[PDB]
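Student: First the structure, which I've put down as structure tokens, then a few questions once you've had a look.
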Amino acid sequence: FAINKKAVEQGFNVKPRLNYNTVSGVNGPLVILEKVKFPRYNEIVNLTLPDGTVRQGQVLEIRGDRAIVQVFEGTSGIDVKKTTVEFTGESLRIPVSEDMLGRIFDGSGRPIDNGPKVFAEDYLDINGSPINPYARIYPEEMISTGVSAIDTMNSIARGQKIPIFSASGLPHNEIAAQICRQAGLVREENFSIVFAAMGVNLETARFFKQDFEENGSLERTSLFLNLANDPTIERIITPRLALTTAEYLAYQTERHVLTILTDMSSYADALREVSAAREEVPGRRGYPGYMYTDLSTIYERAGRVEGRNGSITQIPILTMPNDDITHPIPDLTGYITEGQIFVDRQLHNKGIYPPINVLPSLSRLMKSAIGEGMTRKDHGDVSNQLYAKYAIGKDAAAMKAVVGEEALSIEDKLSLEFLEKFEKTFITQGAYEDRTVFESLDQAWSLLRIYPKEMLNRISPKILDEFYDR
Amino acid sequence: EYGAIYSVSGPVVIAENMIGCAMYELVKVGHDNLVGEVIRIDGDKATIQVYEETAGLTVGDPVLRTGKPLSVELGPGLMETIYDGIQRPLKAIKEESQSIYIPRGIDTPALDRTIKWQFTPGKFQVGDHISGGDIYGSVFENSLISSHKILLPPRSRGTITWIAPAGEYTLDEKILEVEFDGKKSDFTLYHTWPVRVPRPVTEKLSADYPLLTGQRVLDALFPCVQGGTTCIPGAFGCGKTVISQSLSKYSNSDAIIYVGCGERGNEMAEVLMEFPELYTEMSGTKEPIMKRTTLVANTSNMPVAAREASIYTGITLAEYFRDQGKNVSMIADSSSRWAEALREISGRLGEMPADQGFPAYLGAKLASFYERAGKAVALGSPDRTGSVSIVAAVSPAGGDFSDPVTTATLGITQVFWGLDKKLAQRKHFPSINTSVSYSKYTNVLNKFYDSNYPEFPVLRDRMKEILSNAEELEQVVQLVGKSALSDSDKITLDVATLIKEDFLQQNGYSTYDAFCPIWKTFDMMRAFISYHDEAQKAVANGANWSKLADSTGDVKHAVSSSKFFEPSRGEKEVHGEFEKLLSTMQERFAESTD
Amino acid sequence: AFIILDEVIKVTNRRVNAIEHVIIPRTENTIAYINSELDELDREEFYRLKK
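Chains as they are written, first to last, in PDB author numbering: chain F, 9 to 195, 205 to 487; chain A, 23 to 616; chain M, 155 to 205.
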């Protein structure tokens, strides 16, 4: 079509670029130029060290005729006599094409699978304009992850962003792998999966490459890897590359994408490091004052759109420093996002997989997906009843350890029985066991048989009369 | 050619008339030729940090630029050597200055330059194409490091045009020329390398071979794999010397690089005086370990710029020895001191402090440094395969575990061997606390266990369960009393006590218990479990443990006498002994249970 | 004496359990919080002097 043939006609153009052999200092990861002839803020340059090794940078400030450039791959070895820069006259752009699926790229988005270049269909800026809020539509759908604690007590509607808070050493990697292997719309497994890991060890990368290969999912995915020994500055670019790829795929080829960000804590650490190189005012615990906006411009790129069919769902994995939900990173992550699943250390010490407690987890869009026409009408309040009984079990057990076992009325005994069973049979499940929502709800009802009908108050009487007896 | 000095303040020197200085690079400053590291550049000036004391410097003194970052010499003559943080040979300085102090600015080559090595030309020969990482010869160094392979330094290519015949050569003679764009390269017996640049490798691999130590409690319950990582608490009463000595004496490794990154002095003199007295036993009472280990030592008053750049010097040597197809195992010492030195450097430079005072670098640098471990295949012609293992030692900063360093390193490593002074003070060696220690390489060792000893995992799981049940019973007996328990509980407690007393505890001061091979431990676990299960069986079928303990008699004696069979008598003898012991045990249980 | 001793042991053990379980950890958490706050103020003072 003609519209296709004109959007690229402007490509047939050649624009030479300058070479400035004039540096006037270096300090930390920064480099200062001079006599630059109309700089541009957020440009891209190509350092050519005297050794003959090329690097890359990005301007950050521009005064009358000075440009301050920060270099990605360190700054050592640079000289003020033989180096050479070259202004590309553009921001940073990524070559995208729907043939990226099934390939591997490194932190800078260049192939490492012993293949050719991308041979793009168009270039896209890694940043992107916000989405006109008037042109956004809320999900009204549900994903069946096959995890009872995730598919009954909470819920996930495609187009939603849900973190996974987990301490260090817990098997959040296994949970994420299971979810991505075992997710489909509740009556598809056609979720194209983009995956971006930043600040990881070799073992984690090998594990993730292994799991996606034996499940026959590697032919519809795309991996960006930035291991622990890679340059620190590049960790800021990687999530933007991954999200730009996802946005292209979804909103311009009409396919449902699911995104994973393996370690946001490393991203926050890199932000703090690069900030401290400059002298920005710090927030609490030393993190930058504007970290909230930076995180928001990463998370707030999911959802659906009016005129399209694609929808990109995020599952960022985040690690708390000392199991402290009051740390800045979890606080801002859960202020920006809509719900979050919590992986529990205490349940892990008892060999319970997935070690997920339900009290500190939430799902904002659960109340919309569930209801009638997709699941049973009891789903809305059985969750509330289970919540209340679990909370009562917790403090009943807490009281048992102080006064002994003398003031525990029958209520407390029933609550403790419920608490034991609700963890030893309901939450726990295998690493390859599916559970349709119907079966999970049947089991959940089975656990309310302990309580007599007369004191299940949070639940509605109508539901009780029609299900409590069957 | 030369730049003069412009200003001096503390350890910060600012030169002038210097154009052409890398951002990181070593310069010789002053008439004494002190060394320094360029930090900032702006036009001509170049801020420099001087490692040693700066007193006595005068404006106008010349400055020389070397032209490469902090490096390290690699080649023959590393084993049996003791160095400073920046590779200063201390055994030769004392011979040169003939004093007890380190002269300010003394400079001697890091490797002896007057000694004759016997070089054997490799399989390459003139006219052939050659690339970085290839082997083209060998050198004889010791009777223990029998062949020290010679490697073309990486990042070097071309066609060789001149090689030397086998003969007597010193480290200042060219022995190869490579033509790439002119016959203009001359390669000697050694080469240098930056210390902050990881050494290139062809391909990383996975760790699947255990690190054998000799102590049963570590090789059985919390194993470590070659190419892995570890950390253990550092204190006085506990004592990590029991770990270091055994690891350097009996490990299945071809080199050890001990690193001390800042210590108390006296308690460094008491380790420099021990290594040249430890004898390994292979092919006889072979020469001391010093033939096999290089040592880096840093007391507390060495230049701070060196006390923080030590763990980078040891790891580079470890990688160099890996590049030859060996199984190296570095051993750090109080990495907390290295972290403190790093904080001091940063604070003097001046930057926003992160949690508790340390700079933001700590979390990144720790992981970057730890990423250098692991098995790998070197890049070269004959397709070597080596590995490097790190065994850190986290020193509680002030006597706790809440500081940033301990958390950062505990989340990066994979193994932990807790040590408690309570066990040590009451004559319990090795003083391992078997409740807080853990190991994560368990499920990756199955490919080896099943191929060699299939039953390990079940046996170790059962023993851990036995100990857990024993302690469980123990937090209740003192309140409810021993009589309120069944006979199964008492059998479990007694077998747990037997294990705790004659399996975990090891002598380390004899020949029967100084190094327990793998089978010597597999058989002991088999015998212990065969005793426990057959004892439980009698209670299951109907009996009284009172009539079982007495009736058994020597059953509870032979198991404890198993450890008195010296492992130097041959594997077959001990295997037969153990099998006969199991047969006798089951026969007695067939008799006593009638 | 049996009855009186039972009563006394019951009350003392109850008090010990209460103190162990719901007093010490509360104070420890308070101490940790205050310790964090002190460093929080120190950072700001340092930043002002740096500026």
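A virtual CB, placed ideally from N, CA and C, is assigned to each residue, including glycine.
1) Express the C-alpha separation of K411 (chain F) and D159 (chain F) in angstroms, rounding to a whole number.
2) Please list, in chain order, the residues of the segment 445-461 of chain A that have any C-beta partner in chain F closer than 8 Å.
3) In the DSSP output, what is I164 (chain F) paired with across the bridge?
4) What is the DSSP secondary structure of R111 (chain F), reduced to helix, strand or coil?
5) Using a C-beta to C-beta distance shorter than 9 Å, which residues of chain F count as neighbours of residue 619 (chain A)?
6) Would you check if the distance between the CB atom of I167 (chain A) and the CB atom of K313 (chain A) is smaller than 9 Å?
7) Does any C-beta atom of chain F lie closer than 9 Å to the C-beta of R180 (chain M)?
8) Using beta carbons (cut-off 9 Å, strictly below), is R197 (chain M) in contact with chain A?
9) Against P176 (chain A), what residues of chain F qualify as contacts under a CB-to-CB distance less than 8 Å, listed in chain order?
10) Is any beta-carbon of chain M found at less than 9 Å from that of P119 (chain F)?
11) Counting pairs of Cβ atoms below 8 Å between the segment 300-308 of chain A and the segment 368-387 of chain A, do you hit three or more?
12) Which class does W360 (chain A) belong to by DSSP, given the choice of helix, strand or coil?
13) Cα separation between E613 (chain A) and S409 (chain A)?
14) Looking at the structure shown, is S417 (chain A) part of a helix, part of a strand, or coil, going by DSSP?
15) Closest to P589 (chain A) by C-alpha separation, out of A:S351, A:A430, A:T543 and A:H579, would be which residue?
16) So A398 (chain A) packs on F343 (chain A), CB below 8 Å; how close in whole Å?
17) Mind pulling the chain M residues with CB within less than 7 Å of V420 (chain F)?
18) Could you name the residues of chain F that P91 (chain A) contacts, counting a contact when the two beta carbons are closer than 7 Å?
19) May I have a chain-ordered list of the alpha helix (DSSP H) segments no shorter than 4 residues that lie completely inside the segment 75-154 of chain A?
20) Tell me whether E437 (chain F) sits in a helix, a strand or coil according to DSSP, three-state version.
21) Between A:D203, A:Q447 and A:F141, which has its C-alpha nearest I185 (chain A)'s C-alpha?
22) Where are the beta strand (DSSP E) runs, 3 residues long or more, that stay fully inside the segment 233-279 of chain F, in chain order?
23) Around the Cβ of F9 (chain F), are there at least 16 other Cβ atoms within 10 angstroms (buried) or fewer (exposed)?
24) Taking the straight line between their C-alpha atoms, what separation do you get for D156 (chain A) and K145 (chain A)?
25) Check whether the segment 421-440 of chain F touches the segment 463-471 of chain F, counting contact only when three or more Cβ pairs, one atom from each stretch, lie closer than 8 Å.
26) Distance cutoff 9 Å, beta carbons only. Does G385 (chain A) sit that close to anything in chain F?
27) Check the C-beta distance from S357 (chain A) over to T431 (chain A) and give it rounded, since I have them as a contact under 8 Å.
28) For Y131 (chain F), collect the residues of the same chain with a Cβ closer than 8 Å to its Cβ; drop the 5 residues on either side in sequence, then sort them by chain order.
29) What are the boundary residues of the alpha helix (DSSP H) that includes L339 (chain A)?
30) Does the beta-carbon of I158 (chain M) have 16 or more other beta-carbons within 10 angstroms, so that it is buried, or is it exposed?
31) Can you list, in chain order, the residues of its chain whose CB lies under 6 Å from that of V298 (chain F), leaving out five sequence neighbours each side?
32) Near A536 (chain A), what residues of its chain come up, given a Cβ to Cβ distance below 6 Å and the 5 sequence neighbours on each side ignored?
33) Using a cut-off of 9 Å between C-beta atoms, extract the partners of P220 (chain A) located in chain F.
34) On a CA-only basis, which of A:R126, A:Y46, A:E23 and A:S31 is nearest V85 (chain A)? Give me that one, please.
35) Taking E341 (chain A) as the reference, which of A:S424, A:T252, A:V217 and A:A389 has the closest Cα?
36) Does any CB atom of chain F fall closer than 9 Å to the CB of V176 (chain M)?
Tutor: Considering the structure as presented:
1) The sequence position of residue 159 (chain F) within the first sequence is 151, counting from 1. The sequence position of residue 411 (chain F) within the first sequence is 394, counting from 1. Pairing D159 (chain F) with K411 (chain F), the inter-Cα distance amounts to about 22 Å.
2) none
3) To locate residue 164 (chain F), count along the first sequence from 1; it is residue 156. Answer is none; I164 (chain F) lacks a bridge partner.
4) Against the first sequence, residue 111 (chain F) aligns to sequence position 103. Here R111 (chain F) sits in strand by DSSP.
5) Any question about residue 619 (chain A) goes unanswered here, given that chain A covers just 23 to 616.
6) Mapped onto the second sequence, residue 167 (chain A) falls at position 145. Mapped onto the second sequence, residue 313 (chain A) falls at position 291. It is a contact, given that the beta carbons lie within the stated cut-off.
7) Within the third sequence, numbered from 1, the residue matching residue 180 (chain M) stands at position 26. Judged by the 9 Å Cβ criterion, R180 (chain M) is not in contact with chain F.
8) For this step, residue 197 (chain M) is matched to residue 43 along the third sequence. Output row for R197 (chain M): interface = yes.
9) Here the question's residue 176 (chain A) lines up with position 154 in the second sequence. None at all; the shortest Cβ gap to chain F is about 14 Å.
10) Along the first sequence, read from residue 1 onward, the residue named residue 119 (chain F) stands at position 111. For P119 (chain F), the answer is no, since every Cβ of chain M falls outside 9 Å of its Cβ.
11) no
12) The sequence position of residue 360 (chain A) within the second sequence is 338, counting from 1. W360 (chain A): helix per DSSP, three-state reduction.
13) The residue given as residue 613 (chain A) occupies position 591 in the second sequence. The residue given as residue 409 (chain A) occupies position 387 in the second sequence. Answer to the nearest angstrom: the Cα atoms are 53 Å apart.
14) Stepping through the second sequence from its first residue, residue 417 (chain A) is reached at position 395. Here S417 (chain A) carries a coil assignment [DSSP, helix/strand/coil].
15) On the second sequence, residue 589 (chain A) is found 567 positions in, with the first residue counted as 1. Comparing Cα-Cα distances from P589 (chain A) to each of A:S351, A:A430, A:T543 and A:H579, the minimum goes to A:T543.
16) In the second sequence, counting from the first residue as 1, residue 398 (chain A) sits at position 376. In the second sequence, counting from the first residue as 1, residue 343 (chain A) sits at position 321. With 8 Å as the limit, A398 (chain A) and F343 (chain A) do not qualify as a contact, their Cβ atoms being about 12 Å apart.
17) Within the first sequence, numbered from 1, the residue matching residue 420 (chain F) stands at position 403. Result: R168.
18) On the second sequence, residue 91 (chain A) is found 69 positions in, with the first residue counted as 1. Those within 7 Å of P91 (chain A) in chain F are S84.
19) 112-119
20) Taking the first residue of the first sequence as position 1, residue 437 (chain F) is located at position 420. When DSSP states are grouped into helix, strand and coil, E437 (chain F) belongs to the helix group.
21) Residue numbering aside, residue 185 (chain A) sits at position 163 when the second sequence is read from its first letter. The shortest Cα separation from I185 (chain A) among A:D203, A:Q447 and A:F141 belongs to A:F141.
22) 238-244 and 273-278
23) On the first sequence, position 1 is the one that residue 9 (chain F) refers to. Exposed, since its Cβ has fewer than 16 Cβ neighbours within 10 Å.
24) Numbered from 1 along the second sequence, position 134 holds the residue referred to as residue 156 (chain A). Numbered from 1 along the second sequence, position 123 holds the residue referred to as residue 145 (chain A). Between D156 (chain A) and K145 (chain A), the C-alpha separation is close to 10 Å.
25) Yes, they touch.
26) In the second sequence, the residue the question calls residue 385 (chain A) occupies position 363. Cβ-Cβ to chain F under 9 Å: yes for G385 (chain A).
27) Numbered from its first residue, the second sequence carries residue 357 (chain A) at position 335. Numbered from its first residue, the second sequence carries residue 431 (chain A) at position 409. The Cβ separation is near 7 Å, so the contact holds.
28) As a first step, residue 131 (chain F) is located in the first sequence; it is residue number 123 there, counting from the start. The residues are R101, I102, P103 and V104.
29) Along the second sequence, one-based indexing puts residue 339 (chain A) at 317. Looking at the DSSP string, the run of the alpha helix (DSSP H) that includes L339 (chain A) is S332 to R344.
30) Looking up residue 158 (chain M) in the third sequence gives position 4. Result: exposed.
31) Here residue 298 (chain F) refers to the residue found at position 281 when the first sequence is read from its first residue. Answer for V298 (chain F): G306, listed in chain order.
32) The residue given as residue 536 (chain A) occupies position 514 in the second sequence. The residues are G530.
33) Mapped onto the second sequence, residue 220 (chain A) falls at position 198. Per Cβ cutoff of 9 Å: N246.
34) Locating residue 85 (chain A) in the second sequence gives position 63, where the first residue counts as 1. Nearest C-alpha to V85 (chain A): A:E23.
35) Translated into positions along the second sequence, residue 341 (chain A) becomes position 319. Distances from the alpha-carbon of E341 (chain A) to those of A:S424, A:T252, A:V217 and A:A389 put A:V217 closest.
36) Sequence index remark: in the third sequence, residue 176 (chain M) carries index 22 (1-based). Residue-level contact check: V176 (chain M) touches chain F, since one or more beta carbons of chain F fall below 9 Å from its beta carbon.
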